[PDB]
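# Observations on the model geometry
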Protein chains: 4
Amino acid sequence: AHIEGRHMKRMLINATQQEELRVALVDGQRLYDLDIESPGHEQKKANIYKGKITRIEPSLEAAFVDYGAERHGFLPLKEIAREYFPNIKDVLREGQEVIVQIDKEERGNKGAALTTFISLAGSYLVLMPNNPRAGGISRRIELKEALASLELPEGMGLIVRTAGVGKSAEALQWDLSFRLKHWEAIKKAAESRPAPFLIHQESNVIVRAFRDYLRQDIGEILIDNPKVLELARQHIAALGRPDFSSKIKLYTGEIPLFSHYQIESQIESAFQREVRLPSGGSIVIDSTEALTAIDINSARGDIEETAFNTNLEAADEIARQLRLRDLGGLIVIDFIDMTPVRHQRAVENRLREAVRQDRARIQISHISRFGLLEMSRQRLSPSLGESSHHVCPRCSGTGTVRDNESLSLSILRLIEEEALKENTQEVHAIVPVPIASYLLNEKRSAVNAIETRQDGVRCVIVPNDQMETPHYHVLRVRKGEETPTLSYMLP
Amino acid sequence: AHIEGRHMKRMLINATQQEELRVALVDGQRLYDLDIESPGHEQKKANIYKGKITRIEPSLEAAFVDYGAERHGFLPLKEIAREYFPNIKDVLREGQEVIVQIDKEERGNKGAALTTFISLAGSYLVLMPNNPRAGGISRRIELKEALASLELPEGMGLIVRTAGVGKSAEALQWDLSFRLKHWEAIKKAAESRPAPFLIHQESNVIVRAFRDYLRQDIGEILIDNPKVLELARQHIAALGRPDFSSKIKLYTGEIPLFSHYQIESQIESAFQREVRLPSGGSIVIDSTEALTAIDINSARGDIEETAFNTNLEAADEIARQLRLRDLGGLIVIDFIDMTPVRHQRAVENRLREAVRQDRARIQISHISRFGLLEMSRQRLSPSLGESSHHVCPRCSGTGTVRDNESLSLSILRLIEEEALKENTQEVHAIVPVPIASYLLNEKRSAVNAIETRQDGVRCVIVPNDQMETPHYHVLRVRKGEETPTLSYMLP
Amino acid sequence: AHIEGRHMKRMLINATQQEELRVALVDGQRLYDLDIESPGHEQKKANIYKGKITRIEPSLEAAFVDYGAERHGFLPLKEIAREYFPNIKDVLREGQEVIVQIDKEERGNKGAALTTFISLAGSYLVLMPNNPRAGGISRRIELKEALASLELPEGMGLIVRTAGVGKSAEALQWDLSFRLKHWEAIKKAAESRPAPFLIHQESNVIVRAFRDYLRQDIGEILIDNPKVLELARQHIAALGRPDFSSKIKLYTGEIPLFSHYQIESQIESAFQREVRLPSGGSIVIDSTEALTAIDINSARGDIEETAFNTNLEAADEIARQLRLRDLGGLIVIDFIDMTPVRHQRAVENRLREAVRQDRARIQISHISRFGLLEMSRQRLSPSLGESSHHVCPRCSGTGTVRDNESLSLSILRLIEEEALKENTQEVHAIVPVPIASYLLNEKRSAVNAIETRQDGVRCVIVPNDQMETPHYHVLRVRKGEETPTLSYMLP
Amino acid sequence: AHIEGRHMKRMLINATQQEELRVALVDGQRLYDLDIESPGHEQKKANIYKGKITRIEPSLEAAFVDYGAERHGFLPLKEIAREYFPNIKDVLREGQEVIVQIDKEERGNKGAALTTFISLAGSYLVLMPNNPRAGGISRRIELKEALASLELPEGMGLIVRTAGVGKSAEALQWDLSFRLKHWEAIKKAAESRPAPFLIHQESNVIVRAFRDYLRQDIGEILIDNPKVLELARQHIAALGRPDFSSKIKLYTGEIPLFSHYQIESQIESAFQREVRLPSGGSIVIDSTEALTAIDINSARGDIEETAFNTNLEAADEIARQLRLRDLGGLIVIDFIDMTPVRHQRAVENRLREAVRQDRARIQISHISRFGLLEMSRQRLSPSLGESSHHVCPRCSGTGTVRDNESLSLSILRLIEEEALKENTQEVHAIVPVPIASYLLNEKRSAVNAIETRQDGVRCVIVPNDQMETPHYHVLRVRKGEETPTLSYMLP
RNA sequence: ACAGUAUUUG
RNA sequence: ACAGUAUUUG
RNA sequence: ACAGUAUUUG
RNA sequence: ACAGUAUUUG
Ligand SMILES: [Mg+2]
Ligand SMILES: [Mg+2]
Ligand SMILES: [Mg+2]
Ligand SMILES: [Mg+2]
Ligand SMILES: [Mg+2]
Ligand SMILES: [Mg+2]
Ligand SMILES: [Zn+2]
Ligand SMILES: [Zn+2]
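Residues numbered from 1 in each chain as written, not as in the entry; some residues may be left out. Chains lettered and ligands numbered in written order. Heavy atoms only, no water. Residues with missing side-chain atoms left out of burial classes, pairs and counts.

### Notes on the overall build of chain A
Along the backbone of chain A there are 12 helices and 23 strands. Relative to the compact-globule value of 23 Å for 491 residues, chain A shows a C-alpha radius of gyration of 30 Å, a clear excess of over 25%. Dimensions along the principal axes, computed over C-alpha positions, put chain A at roughly 95 × 70 × 50 Å. (Helix = DSSP H or I, 4+ residues; strand = E, 2+ residues; numbered from the N terminus. Rg over C-alpha atoms; globule rule 2.2 N^0.38 Å.)

### Brief notes about unusual backbone geometry
Residue and element names in this part refer to chain C. Positive phi is not limited to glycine here, since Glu-61 has a value of about 95°. Mapped onto the fold, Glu-61 is located in the loop between β5 (48–49) and β6 (62–65). Positive phi values are uncommon outside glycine, yet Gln-262 reaches one of about 60°. By the secondary structure assignment, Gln-262 is in the loop between α6 (257–260) and α7 (264–269).

### Section: helix α8 (residues 303–324) of chain C
Helical geometry: 3.6 residues make up each α-helical turn, so side chains three or four residues apart lie on a common side. For α8 of chain C, with 22 residues, the first-to-last C-alpha span of 31 Å sits near the 32 Å given by 1.5 Å per residue. Positive backbone phi, approximately 50°, marks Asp-326 of chain C, located one or two places after α8 of chain C. (Expected span 1.5 Å × (residues − 1).)

### Comments concerning the relation of the copies chain A and chain B
In the superposition of chain A on chain B (RMSD 0.0 Å, axial shift 0.0 Å), the rotation amounts to 180°. What we have between these two chains is a two-fold relation. Within chain A, the C-alpha atom positioned nearest to the axis of rotation is that of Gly-399 of chain A, 2.4 Å from it. When you check the interface residues of chain A against chain B, 100% turn up at the interface there too, and the contact is symmetric in its surfaces. (Least-squares fit on C-alpha atoms. Contact = heavy atoms within 4.5 Å.)

### A look at the interface of chain D and chain B
The partner chain B presents 23 residues to the 23 residues of chain D that form the contact. Contributing elements (two or more residues each) for the side of chain D that touches chain B: α10 (404–420), α11 (433–440), α12 (444–453) and β22 (458–464) of chain D. Residues that form the side of chain D that touches chain B fall into these classes: 12 nonpolar, six polar and five charged. (Nonpolar A, V, L, I, M, F, W, Y, C, P; charged D, E, K, R; others polar.)

### So, the domain arrangement of chain A
Along its sequence, chain A is organised into domain 1 (1–388) and domain 2 (389–491). With centres defined by C-alpha atoms, the gap from domain 1 of chain A to domain 2 of chain A works out at 50 Å. (Domains from an automatic or database assignment.)

### Structural notes on the interface of chain A and chain B
Taken residue by residue, the interface counts 65 residues in chain A and 65 residues in chain B. Looking at the side of chain A that touches chain B, the elements with two or more residues in it are α7 (264–269), β16 (282–287), β17 (292–297), β18 (329–334), β19 (362–364), β20 (373–377), α10 (404–420) and α12 (444–453) of chain A. If you tally residues by element for the side of chain A that touches chain B, the top one is α10 of chain A, at eight residues.

### Comments concerning the packing of helix α10 (residues 404–420) of chain B against helix α11 (residues 433–440) of chain B
All names here are of chain B. One can describe the packing of α10 onto α11 by two numbers: an axis separation of 9 Å at closest approach and a directional angle of 70°. Judged by the inter-axis angle, α10 sits roughly perpendicular to α11. The two elements α10 and α11 meet at a crossing, and its hand is right-handed. Here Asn-404, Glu-405, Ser-408, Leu-409, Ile-411 and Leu-412 of α10 come into contact with α11, specifically with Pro-434, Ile-435, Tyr-438 and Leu-439. Counted by class, the contact of α10 with α11 contains seven nonpolar, two polar and one charged residues. (Axes fitted to C-alpha atoms, helices over the stretch in contact; angles between N-to-C directions. Parallel < 35°, antiparallel > 145°, perpendicular 65-115°, else oblique. Left-handed = near helix turned anticlockwise from the far one by under 90°.)

### Thoughts on the sheet that holds strand β10 (residues 120–121) of chain A
Residues and elements named next belong to chain A. Read across the sheet, three strands follow the order β10-β11-β12 without closing on themselves; strand pairing throughout is antiparallel. A strand with exactly one partner marks an edge of an open sheet, and here the two such strands are β10 and β12 (157–160). The pairing of strand β11 (residues 125–128) with β12 spans four bridges and is antiparallel. Counterpart to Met-128 in the pairing with β12 is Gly-157. Packed onto the sheet, helix α3 (residues 169–191) meets β10, β11 and β12 and runs at close to 40° relative to β11. (Pairing = 2+ DSSP bridges.)

### Brief notes about the sheet that holds strand β19 (residues 362–364) of chain D
All names here are of chain D. Taken in spatial order, the five strands of this open sheet run β16-β17-β18-β20-β19, and their pairing is mixed. Strands with a single pairing partner mark the edges of an open sheet, and in this sheet they are β16 (282–287) and β19. Across the sheet, the mean angle from the axis of one strand to that of its neighbour is 20°, orientation sign disregarded. Two strands pair when backbone bridges link them, and β19 and strand β20 (residues 373–377) are joined in this way by three bridges, in the antiparallel orientation. Across the sheet, residue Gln-363 finds its bridge partner in β20, namely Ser-376. Each of β16, β17 (292–297), β18 (329–334) and β20 is contacted by helix α8 (residues 303–324), which is oriented at about 150° to β17, the strand it contacts most.

### Here we look at the UniProt feature "binding site: Zn(2+)" in chain A
On the UniProt side, "binding site: Zn(2+)" is annotated at positions that read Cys-392 and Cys-395 of chain A here. Tracing the sequence through the fold places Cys-392 of chain A in the loop between β20 and α10. Ignoring anything within four residues of it in the chain, the contact list for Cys-392 of chain A reads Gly-397 and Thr-398 of chain A together with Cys-392, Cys-395, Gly-399, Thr-400 and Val-401 of chain B. Take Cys-395 of chain A: it is sitting in the loop between β20 and α10. (UniProt positions renumbered as here; feature names shortened; annotations may be inferred.)

### Quick notes on the packing of aromatic side chains
Relative to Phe-74 of chain B, the ring of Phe-64 of chain B lies with its centre 5.8 Å away and its plane at 80°, an arrangement referred to as edge-to-face. Of the two residues, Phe-64 of chain B sits in strand β6 (residues 62–65) while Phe-74 of chain B sits in strand β7 (residues 73–76), which places them 10 residues apart along the sequence. The ring of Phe-271 of chain A has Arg-402 of chain B lying over it, and the distance from NZ or CZ to the ring centre is 3.7 Å. (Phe/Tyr/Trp six-rings, centres within 6.5 Å; stacked < 30°, edge-to-face > 60°. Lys NZ or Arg CZ within 6 Å of the ring centre and 35° of its normal.)

### Things to note about the relation of the copies chain D and chain B
Structural alignment of chain D on chain B gives an RMSD of 0.0 Å, achieved by rotating through 180° and translating 0.0 Å along the axis. Interface overlap between copies: 100% of the residues of chain D at the interface are likewise at the interface in chain B, consistent with a symmetric, same-surface contact.

### Quick notes on the arrangement of the chains
Where chain B comes nearest to chain C, the C-alpha atoms are still 12 Å apart, and the two do not contact one another. Chain A shows no contact with chain D. Their nearest C-alpha atoms sit 12 Å apart.

### Some words on the environment of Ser-203 of chain B
Residues and elements named next belong to chain B. By secondary structure assignment, the location of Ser-203 is in the loop between β13 (198–200) and α4 (205–212). Separated by 38 residues in the primary sequence, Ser-203 and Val-165 have C-alpha atoms spaced 24 Å apart. Setting aside residues up to four positions removed in sequence, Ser-203 forms contacts with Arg-208 and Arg-211. Here the side chain of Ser-203 touches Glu-202 through a polar contact of 3.2 Å, side chain to side chain. (Polar contact = N/O pair within 3.5 Å; in protein donor to acceptor, adjacent residues only side chain to side chain.)

### Considering the pattern of salt bridges
We note a salt bridge from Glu-289 of chain B to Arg-273 of chain A, for which the minimum N-O separation is 3.8 Å. Taken together, the residues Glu-289 of chain B in the loop between β16 (282–287) and β17 (292–297) and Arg-273 of chain A in the loop between α7 and β16 connect one chain to another. The shortest N-O distance in the salt bridge between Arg-215 of chain C and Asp-217 of chain C comes to 4.0 Å. Linked by salt bridges that have partners in common, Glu-4, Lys-9, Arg-215 and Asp-217 of chain A make up one network. (Salt bridge = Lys/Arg side-chain N within 4 Å of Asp/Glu carboxyl O.)

### Notes on the UniProt feature "binding site: Mg(2+)" in chain A
On the UniProt side, "binding site: Mg(2+)" is annotated at positions that read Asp-295 and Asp-334 of chain A here. Checked against the element boundaries, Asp-295 of chain A lands in strand β17. Topologically, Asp-334 of chain A is positioned in strand β18. When neighbours within four sequence positions are excluded, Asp-334 of chain A is seen to be in contact with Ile-294, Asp-295, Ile-296, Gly-371 and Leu-372 of chain A together with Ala-290 of chain B.

### Examining the side chain of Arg-413 of chain A
Along the chain, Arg-413 of chain A turns up in helix α10. Side chain to side chain, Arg-413 of chain A and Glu-20 of chain B meet in a polar contact 3.4 Å long. In contact with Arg-413 of chain A, other than residues within four places in its own chain, are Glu-20, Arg-22 and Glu-264 of chain B.

### A few points about the packing of helix α4 (residues 205–212) of chain C against helix α5 (residues 226–239) of chain C
Residues and elements named next belong to chain C. Contact pair α4 / α5: the axes reach a minimum separation of 10 Å and the direction vectors enclose 45°. Judged by the angle between their axes, α4 and α5 are oblique. The handedness of the crossing between α4 and α5 comes out as right-handed. Judged by residue contacts, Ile-206, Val-207 and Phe-210 of α4 engage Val-228, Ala-232, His-235 and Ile-236 from α5. Tallied by class, the residues present in the contact of α4 with α5 amount to six nonpolar, one polar and no charged.

This is the structure we're talking about:
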């Protein structure tokens, strides 16, 4: 029934649990975005090291870097600067010491994009202290005015946040001040040493939150744990939006905060693969290796509507999940199938208009002739899956598991073929129990069959209870090289 | 290196193994399509029953049917006929007895499409003995001529197969003969009884093969098992392409047939999720709930090419897998990312030109601005996954598994919330072992924490070794209704 | 180094843990007997019900009884009384209502001995209020005098405890008083109702202890838990040895009581099968179905001594374990093997002199010519094993497990023999995994072998991971009665 | 119903199965002794090596020997000879090279008795070619005559087998010939080399059988496998009892030999712990570490008899099992409990008279006053248990398993005590799952309880599913030396 | 296997 | 398989 | 968080 | 805890 503005939008902080410090942004009781920072596996994006270059490969158009973790980090010739600046190899003289920062974070293989293009964020500003090229405003929005009046040095260009819109030129000075004043240290704190090492560490979840996600609509900030609420308050001081010290309250209620604001289930919502649409429909969000791929579908009085209407809900919800899951990359949405075009353009907008908030960039094509709508969106941090799951290790990634016989027939032809391989003595499949059962009954005859022909080739087939139903081995044992050792000792 | 026509295209039949009768269609040694019919789980599509109608729902635009299995079968008002014919409810008078056939087969939920629009296939013909509306030819291709000269009765219209192109009008008579002559029986064999029952059973894999997949290019038909080769031969007789009795030879070689033609690995190929591209690239074929979704990617001298070239291979291979997997529905292909448009149109065609064969219909849009190419293709039978796998039952479908702590924190808030629920005595999470470990150490304090506050609420938390890492229960035990019974007895 | 009398003998009570209330009797720091009463599985021996008689069997020389639990209770014609008294059947008129008490307790099969011969114990006395036949004194020990002066009614006879030896005739009156005064109620509290039901419940462990195990040598009684120490004190009051209120002190020390008195390990000692002898020898206490059977053996300067000496230690220790384990029945001790007879008579006495305490009766023959010394001892309550263990359920009782092959050969001949049994179709061994492995490799040939001969008898052999290494089934499947169902589905 | 002599006594050989060559000795259909030789784990007793002496210990009264396997072998000063002969140390000069043979075989610890007192067995004779001291006859039985007439050299003395009783002096010459003629080689075949090595290998099971267990009563010798029956026949030739070539027949019957002679079950009989007595009684044969211990008990018309009679059956059966199990050492039999002494002496004899056969020596005392009858018997080879089982590895030997709580309480006090141990940080019980469950619910409070007091001592308690119910660890973690690492990662 | 095939629809 | 066999003894 | 943002790229 | 206690006996 929801109209933005009806109830109060508040920022619920949840500092009760050590191993997990959550921060939802709720409007009334509709969770509408959430964050879960937890020690150890902290935030790395937005840091700044010093850098020398493992290896210029050109077959990609960029170096790598040692900023010294595990995997040296990706660095596109595009990233590279005036100042680093004395096609690839003429550009970067290798083992060169450079001031690289992290655009996008380790993803299962890759390093991370670094970029010698350092960016710096205050509450209302953002410094590019290293290319006076790019500036601007919150493409979200007097200060256009005030901005000129900005006393900017020339090496770099700047933007002005969505959230400086309230505020007063005086203090953009008072931002663009404290930035620089960093940026300086952030400079000479490299002029120091051999660079192979960190320099600045992007600040925790809360600050970040008080920084990047706080607006005029934010009613209260209930924090549920007095000692945080401590730093809580000090952190505004600095970040400096101090018309919010008002705004920041301590939750006492015995009933757990989030669990009070009735947004718990919503939290989960985000970890489930299906997600119910108001009407009663559903939104199954499957994630492939090429693109996340959401599919939509309907409940249980009209057809045309049923679909059209349920598509609109799907629209709304998909957006929110997009946010909750920190889903990035492409996304293909399979909207139901309505006939009248107006509906298509209808829902399309519906989507657009619903992802208006999303702090990340979002691009949204028309609906296809196969009724798929593709849609990109920017990789603001690691996604929930990518950072709170892993890979059903029975499957490998895929979520099916080969029916027992078709596996066995298979294991079995493998055996036979192995058992021709000139100069084999034994050969020793080692397979999930039922596999071994099925080969040795259902199929015994065949196995037999073999050794008869393959004169004198023993095909051992030992059933085992460690193996699950898709894994297995088929080793082969060359003349002479054969233990006498028990079938079941084989392992 | 492959040019169609270089080596001989042959049909390898493999009748050695009872529980699995395979039939690849190979051109030289490149498997290029394959079939695996196995008893029991036989073929159902293309059958013909008699039919009465469980329930007209109109909120879909069609009935259902009892042709008497498990799930009565889908029947679109579109399907419905003149003759059944006395918007939905005025159309189908319910419990009406009708002559329905099966377009598309049981899929995990659905019934199957039936269609009162019976279709009938000979070797060169295909009878529509029930709408003289639709006719035509093999949109693949003198007989245009011969076809008129066809002595067709009027109730129905016909097509002429790709494969009657060789042959002679005389014998289209001699097809369109034996069809009808069926179609008659196929008619009065309903005039018989209460209809709730089968009528005609689509014939096995081999016949089918000798029927639907045999052309002029087919060199030999090596069958590897004398007794089949028996029926083998008799089946041409009838189907009646007898200039092939020549063509059909018995394989003796000790080394297993397929394993001789060096097409084994290829067989598998089709069951793996990644599949290597010639160059050395790879084609990961992930399947979601909305669309199958293939992603492509490259090896280890130029960029532009590396991608462009590897895309072409992906093209080729995707086609073949599309066929081998009997993949239907939509498919989204994430081709690498080349800049020059010519390349895009290049690969696109490449794809088109490579799926020229595919017996199923295929539609192929341009490459998107997000560099996805979407692509539909017709559901010719059940897909390999859909009929030789199942659902990594540790995951549910999805192939990740929630990291242990984030689960535990979760299980745990559930407990707490349950333990407020006014009028609870005990409450009894029952969770995967490590879950129970982690809640009871790492987190003990918190659990404690609870019962302290929740005065006198026992939260039992019994670790169990039956449960795997994502499943678990959190039952709650109402005042009075509490056994005294051992923590570990809980189950 | 231990001389009785050196250090103080004290009674350590341990009431900290709810589910287990222990009471050791220590002399210095040598645990010398211990008790472990724990709720639920409480003490039943020494109770008194009312009784009617399920069934006179005479093929044993006694009835049974309903005192109404599970197994009606054993009742020897020997037990039976004057007053019950109107060879077996002439004696007990069946369904007769009687005042039976419990000599010895449920043992895995048996009921328990009841006895219509009720016995009653005070602190210094013991009433036989139902046969003036048997009287006496503590065959352990002026009162001989005082005892005559006892104002005894005539229906029954009495004894005087080891512990009335201190005390004064006045108060044996004051015992033999409060007894009777019970015994009366204990009488008319049957004159009440239909008897099928309890009457008096033998009192808990502590009272019992303050009653049956308290002497002049008992220095303190440290109890470690204030609230018990409460009832603690009240319980002397009554039982009435009140020159002990002095004696009974509260333990505070942070370090756990028993764990302070340095008698913990000793506790366990009693649950282990081997038990180290001072010198360094060992005492393996194995328990069979016919007799508990202790074996002795030696360490690592003389032979003759080494053995003789180590036998003496074994003597000492065996006694104590005999007590700790509440071991009853026969016991055979295999003392080392010394040559000189003096040593044999030496150790024998050593044993005698060491089991002087044992509250239970003990009888001790000479050492045999096979150098076994047999030895009976009275069943004072259930034994530790019999009440705190169970039966290595992999073995059945026996503690070996048949080597894998000898089992398999066996399972296998079973199969063959089953497979002759005229009119069998299938037959379906179902066996521990490795069993199934070994039969199907190592032995395949043989299995084959069978079906060849046993024309057309399928011997299925399904390996299974539920079964451990000694269990298994060999079902057989009669012509006609054969599912087609998967080898591994068999279960 | 069995009277010795009624049916034919025959020797069934069973050479069908490679991994197990059995040889029962049956009288009619009553298995009455059996043998199971199987390759690899062959027979070692009765071999002859050459020998030098690892280490004279005197604290035992004998050396050891290197005859070079694993454990050098026991060698009693008693064993030692004239000829080895230049109290212990003056006797055996160490590292001396000697001609030792094996009396009794490796038993779980020990070496084996060797004995420089070599013994040698023909069919009718037995050479002591190394002490003319000991001679004699079959204390089982003209030849007394013939024996003098024996042309014996003087260094050694001899006996004459039970089975030379048939036969003729001529041929005792013809035995005592071929012996010596060995004994010579058996001598100079040491005069050869450095002794550290074998010399003569006691011959397989069959020969042995044709040698040590063949008498006049032996009707046939059915062997069931033509090729054996081969060597079969040749082996008499040599051993030389050739009036038996007659006697030795080939079994053909399709139904398995033993399984035909209806003695299968009997085979097993011997591996079960209970064994039914004719009447319907039972004989539970439990084996301890001190003595094998058989207990007896009765069925379901008189008492006195019931017992007396059932004791007689037990007698019979015990004997046979004694033989089948190759049970050696002491044995204590708990016969039922009859009153009249005649019965005791009755059964006693019954036993004596029934173990008349037993090839091993047997000694049998009167029945005790506790109604145990002890009984020694000679260790003719390893016992069935000792060579075809192992140790229910859940128990350790003992066949009970400590009830779950009493374990947990225990594990738990261990924890607490560990957690006082000055200078501990963490401490980390690791226990069977249910153990961990029970400590963490049932008992949580207490565990808590601890850390509260033990200020700042973390007691981790990780449940684990590898451990079964009696095993477990309680490690302790010293200040400073503490990983931060997950509860469930602990292992 | 046909211009309404294919996709979609239970 | 013997009067010192057997049991025991590592 | 800016017209070159985002997607892509290890 | 007694001279018929204890062992045994379901
Ligand atoms: Mg890609
Ligand atoms: Mg997937
Ligand atoms: Mg859909
Ligand atoms: Mg008994
Ligand atoms: Mg045992
Ligand atoms: Mg011993
Ligand atoms: Zn999975
Ligand atoms: Zn066991």
